[PDB]
Amino acid sequence: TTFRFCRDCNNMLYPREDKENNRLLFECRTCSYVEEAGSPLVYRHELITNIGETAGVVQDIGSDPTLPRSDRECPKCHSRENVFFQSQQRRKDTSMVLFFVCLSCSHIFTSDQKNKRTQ
Amino acid sequence: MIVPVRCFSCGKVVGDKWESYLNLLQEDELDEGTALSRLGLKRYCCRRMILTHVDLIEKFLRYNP
Amino acid sequence: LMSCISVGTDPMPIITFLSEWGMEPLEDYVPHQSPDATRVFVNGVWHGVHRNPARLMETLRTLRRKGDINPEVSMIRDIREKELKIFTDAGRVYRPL
Amino acid sequence: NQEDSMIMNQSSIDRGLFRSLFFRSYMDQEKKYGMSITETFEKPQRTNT
Amino acid sequence: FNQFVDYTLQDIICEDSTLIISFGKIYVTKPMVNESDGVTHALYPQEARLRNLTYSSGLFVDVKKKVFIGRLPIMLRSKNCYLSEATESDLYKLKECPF
Amino acid sequence: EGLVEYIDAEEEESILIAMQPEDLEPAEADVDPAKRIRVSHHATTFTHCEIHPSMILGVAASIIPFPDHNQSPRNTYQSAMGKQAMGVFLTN
Amino acid sequence: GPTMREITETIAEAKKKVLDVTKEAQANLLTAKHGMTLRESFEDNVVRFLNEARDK
Amino acid sequence: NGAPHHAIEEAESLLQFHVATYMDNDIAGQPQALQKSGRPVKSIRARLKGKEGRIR
Amino acid sequence: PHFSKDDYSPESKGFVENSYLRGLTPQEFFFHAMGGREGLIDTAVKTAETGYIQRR
Amino acid sequence: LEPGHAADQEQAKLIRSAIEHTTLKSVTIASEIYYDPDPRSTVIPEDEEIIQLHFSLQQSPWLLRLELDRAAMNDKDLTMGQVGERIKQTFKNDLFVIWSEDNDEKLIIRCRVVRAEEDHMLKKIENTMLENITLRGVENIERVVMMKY
Amino acid sequence: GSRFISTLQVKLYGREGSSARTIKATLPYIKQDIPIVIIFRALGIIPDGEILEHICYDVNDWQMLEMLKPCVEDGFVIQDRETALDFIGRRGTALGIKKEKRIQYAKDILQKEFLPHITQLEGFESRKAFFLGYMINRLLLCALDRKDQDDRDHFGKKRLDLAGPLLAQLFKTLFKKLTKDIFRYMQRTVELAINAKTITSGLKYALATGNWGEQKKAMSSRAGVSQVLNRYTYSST
Ligand SMILES: [Zn+2]
Ligand SMILES: [Zn+2]
Ligand SMILES: [Zn+2]
């Protein structure tokens, strides 16, 4: 989902069907504005979340003394200098998979062996 | 308060041996162990009597009346 | 034995010092413009934002260490949360390290 | 000395072992009930009621 | 206590001061005893302890259009207390314990 | 001189602390069986050092001899009897 | 003395037995027990070894 | 005497209070009938109310 | 604070490696004291609760 | 267990499966409301195969796509058809239901309404799907354990 | 100074898996809960997209935004600053029709009783609405299972009122009663002599009884503040 608002209003856009042409539009309910939809996906629930997993990976993440270190070679620059956390999406069921951030290239890599990620 | 007359456990007179125990430490510069020994405080019951004593009297004397 | 209690300081020399070291007032905040922006908090008041907290910290941290900011004043930087909490506050139990 | 109780050397107690002092302070005042009507610290005796 | 007497106390006076009559600088005297058979004299801790009096000092504020406000009990060994400055020999003299 | 700093629980959250200085400072390139089993100084991120671990204790517990050799509530009990005790409370 | 060596060793081997389970659960391999989180199950095994150890 | 009638219902409510508050002072959401001192006044209910009351 | 973040080790979550003879480390001291306290609370609560139970 | 079943773990495994309360919510990864106006064509290229088959051997232009988890389905030993027929029997002749097979790389269920202000109607049906629908097992009977007493 | 603890809640109505998950807030002297959005309009932030921007600082964070779609609709019925202050005004009570009453009542609440730290000065809406948004953001983070629900027992979030703050509490209550004593002598002036005792004795009472409350009528007032120094051992002291 993307969040678009009506110009000359900055008020939120509500969906409306152009039944005559079979196509989705977004009407402003504060004014007379309308725009064609970008994507047919309007609503999304996502019960099993994977967004929040690597929360707050600020470039200053390395400056955190509290954070632990590893000598694992990075998949990008093969630097033996990393920092790691696990959960960040603080849910009860969550796994203990470690998220490593390179103190050099700053690319995120998991310790996951079952799954095969990219971020 | 003030150096007890005689060791509690065995009754050996430790009351006289105070002033000399202070001299052995200050003047003679001996250690607390050899001082008690030179004074003739053989068994540890008497040793504790002098070694662990606090002569508070000196602090009470300081108050005017 | 080592514990003490924060007696109460004045936050005004810290609010003054902050704006003269990179603090953008909250009235001029544009969230889409400064998204990584580190939120500055003095005695639980969001006073504004700062773009390079690392350099602001090094300065505040040593200012207090020199004795310029009172040593009972608390300064925390939760990097993950993009926040900088300061306390001139009275009540806090402190210990020496 | 059974069940968290103990035996003490009396010959030691005699010599002044674990011996302590004790003090208690009792206090009083000559309360003034109204005007010129005052209480008086004295050795009283059988005088009326 | 030292942060309260030095600062906080002046602050309480200046916040609800002025009326329809304003308040200025507050002065905190040393501990005294305003008793009859005499007028006033300095009260030392040991005395107060024995004579069951309050070891408190006078509070004076300058009223605009000086004035006695009341008596603030002083904490022993605090800024405004007598012992604060006193030496070991001073305390032994003052019948007060150095410890 | 900035050799020593004051830290509250809120600030403690953003620091790492070394227990002993020495025992928690160089690195590895025999041991006494009688001594206790201590951990390590593998952290190179150390921001502060504890003056002495025994300063976690208050007045009452500070009088207990070898309290690291007693079952914890037993220590909490002697923390209350130290009050039902006797001696000189002052010299005056 | 030799019994203290044996004890030190029993705690040491139980310490490594925990690490093996800690790194196992960090690579998502560790299959969760029925009606239990991967964490609930990881901890159960950890608290078990650390008690087995103390008991032995 | 000279009954203002909407003042009779004021002194009536006062007698109704005192007689109620003599028997029970620890009344459900109402002001405790305080004694001069600021003390609440022991009701008769309060006297027999267990753990230390007549009964218990 | 003496530990790094996301540390699940025996040493970090409260395992006491030492005997009462060898004596506890500062980490071991506090963790034992934490668990020890829970005991005195529970005890103090358990007496109150059983108090009522016996009487009813 | 029943008299002549005590030793058999498989008999037990069956009853455990027959009483353990499973909801639609437990197997669902995401609930999506798409705008697919042609019942015969799909804006989603994945679902292009699924339509062909559940159209061989009038509808709303609003799609409600549910993605179910393979592992979740496997711990609670479920089939896409099982799940399907359950959604099918909940709304009866008011919701047109299509679904991918247990082989298809992505597990999906497509739902279109039957026969102004319709998009808001699907948000209601999506909660009645997760929160209301009971898949298998007796209600309240949440975690069922196997014990060799 | 002042000493008036007014508490503000930002409630997320509707549980896990319940349609219409609306965010409403508890404003002082306002009998009912008000939707977040109305408060934003009453604060000046009128377009629902600028209101959004004060809560979610990222536009990529769709998850937090879908969560605010209901809130927008809840408030959609009010569209300007005046409508929002009147709505809040009507929820406060007093049947005061309209402008100089209803609206001016709400204005006062948002300046004096709403987020009373920050500032209580007139023009500071940009500050109080940005702060309201910080709370909504923190609320959602937890409802989206990202931030762990705040620990009530973290010692760093606790303070210990010592010998000073405790006397500060009395002295302020005592001097403000003395100010009221003075104001009664000036009123009586149909046309010096101020009760010194009130302050002297007030402090004496409290430090004796251990009842941190004026002055014989100390119930409900904190009992056990001032106890007599334990003097058995030098350690026990
Ligand atoms: Zn518009
Ligand atoms: Zn790298
Ligand atoms: Zn002897």
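Positions of Cβ are backbone-derived with ideal geometry, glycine not excepted, and every protein chain shown enters the neighbour counts. No lab work stands behind these numbers, since they all come straight from the coordinates.
Please verify whether A:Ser87 is within 14 Å of chain J (Cβ to nearest Cβ) and not charged (D, E, K, R), treating the condition exactly as stated. Considered against the rule, which asks whether it is within 14 Å of chain J (Cβ to nearest Cβ) and not charged (D, E, K, R), A:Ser87 comes out as no.
Taken together, the criteria exclude E:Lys93 from residues that are farther than 26 Å from B:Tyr63 by Cβ, surrounded by fewer than 17 Cβ atoms within 10 Å (Cβ to Cβ) and not small (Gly, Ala, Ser).
Taking the criterion of being within 14 Å of chain C (Cβ to nearest Cβ) and either acidic (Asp, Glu) or away from ligand 1 (no atom under 16 Å from the Cβ) (or both), would at least one residue in the range A:72-83 satisfy it? Yes, that holds for at least one residue.
Considering every residue within the range B:25-44, establish whether at least one is within 11 Å of chain D (Cβ to nearest Cβ) and away from ligand 2 (no atom under 16 Å from the Cβ). No, there is no match, as no residue in the range B:25-44 is within 11 Å of chain D (Cβ to nearest Cβ) and away from ligand 2 (no atom under 16 Å from the Cβ).
Taken over the range K:140-154, the criterion of being within 19 Å of C:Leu84 (Cα to Cα) and assigned to a helix (DSSP H, G or I) is satisfied by K:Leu141 alone. Screening J:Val43 with (1) in contact with a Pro (Cβ under 6 Å, 6 or more places away or on another chain); (2) surrounded by 18 or more Cβ atoms within 10 Å (Cβ to Cβ); (3) assigned to a loop (DSSP other than H, G, I, E, B) gives one miss only, at (2). Of the numbered criteria (1) under 16 Å from A:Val57 (Cα atoms); (2) in contact with a strand residue (DSSP E or B) (Cβ under 6 Å, 6 or more places away or on another chain); (3) away from ligand 2 (no atom under 14 Å from the Cβ), the one A:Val97 fails is (1). In the range A:5-56, counting only strands (runs of 3 or more DSSP E) that sit wholly within it, the ones holding 3 or more residues that are more than 21 Å from the chain's Cα centre (by Cα) and more than 16 Å from ligand 3 (Cβ to nearest atom) span A:13-18, A:23-28, A:34-36. If you filter the range G:19-34 down to residues that are among the hydrophobic types (A, V, I, L, M, F, W, C), buried (at least 17 other Cβ atoms within 10 Å of the Cβ) and at the interface with chain A (Cβ under 9 Å from one of its Cβ atoms), you find that the one that is nearest to A:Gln113 (Cα to Cα) is G:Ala27. What residue, among those in the range A:94-119 that are of a type in the set (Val, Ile, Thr) and away from every other protein chain (no Cβ under 11 Å), is farthest from ligand 3 (Cβ to nearest atom)? Going through the qualifying residues, I end up with A:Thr118. Evaluating I:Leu21 against the criteria (1) more than 28 Å from F:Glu11 (Cβ to Cβ); (2) facing chain F (nearest Cβ under 9 Å); (3) part of a helix (DSSP H, G or I) leaves one unmet condition, (3).
Listed by first and then second residue, the pairs with beta-carbon distance under 6 Å, at least 6 apart or on different chains, first residue in the range A:4-26 and more than 13 Å from ligand 1 (Cβ to nearest atom), second part of a loop (DSSP other than H, G, I, E, B), are A:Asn22/J:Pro37; A:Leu24/A:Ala37. Only one entry of D:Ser5, D:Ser11, D:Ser20 meets the criterion of being under 27 Å from B:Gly15 (Cβ atoms) and assigned to a loop (DSSP other than H, G, I, E, B), and that entry is D:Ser20.
All conditions but one from (1) of a type outside the set (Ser, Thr, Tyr); (2) within 14 Å of chain C (Cβ to nearest Cβ); (3) within 24 Å of E:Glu15 (Cα to Cα) apply to K:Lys197; the one that does not is (2).
Taking A:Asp18, is it over 23 Å from J:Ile125 (Cα atoms) and touching a helix residue (DSSP H, G or I) at 6+ places or on another chain (Cβ under 8 Å)? Considered against the rule, which asks whether it is over 23 Å from J:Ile125 (Cα atoms) and touching a helix residue (DSSP H, G or I) at 6+ places or on another chain (Cβ under 8 Å), A:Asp18 comes out as no. If you go through the range C:47-80 and pick out every residue that is among the polar types (S, T, N, Q), over 13 Å from C:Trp21 (Cβ atoms) and within 12 Å of the chain's Cα centre (by Cα), you end up with 1.
Considering only residues that are more than 13 Å from J:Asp104 (Cβ to Cβ) and under 18 Å from the mean Cα position of the chain (by Cα), which ones fall in the range J:43-67? Within the range J:43-67, J:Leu63, J:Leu64, J:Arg65, J:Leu66 qualify. Residues in the range E:67-95 that are away from chain K (no Cβ under 14 Å) and either part of a loop (DSSP other than H, G, I, E, B) or of a type in the set (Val, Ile, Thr) (or both): E:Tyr82, E:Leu83, E:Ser84, E:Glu85, E:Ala86, E:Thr87, E:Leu94, E:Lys95. When B:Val14, B:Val3 are checked against the criterion of being surrounded by 14 or more Cβ atoms within 10 Å (Cβ to Cβ), more than 8 Å from ligand 3 (Cβ to nearest atom), within 14 Å of chain D (Cβ to nearest Cβ) and among the β-branched types (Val, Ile, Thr), B:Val3 stands alone in meeting it. Taken over the range K:21-76, residues that are closer than 30 Å to A:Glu53 by Cα, in a loop (DSSP other than H, G, I, E, B) and within 11 Å of chain A (Cβ to nearest Cβ) amount to 8.
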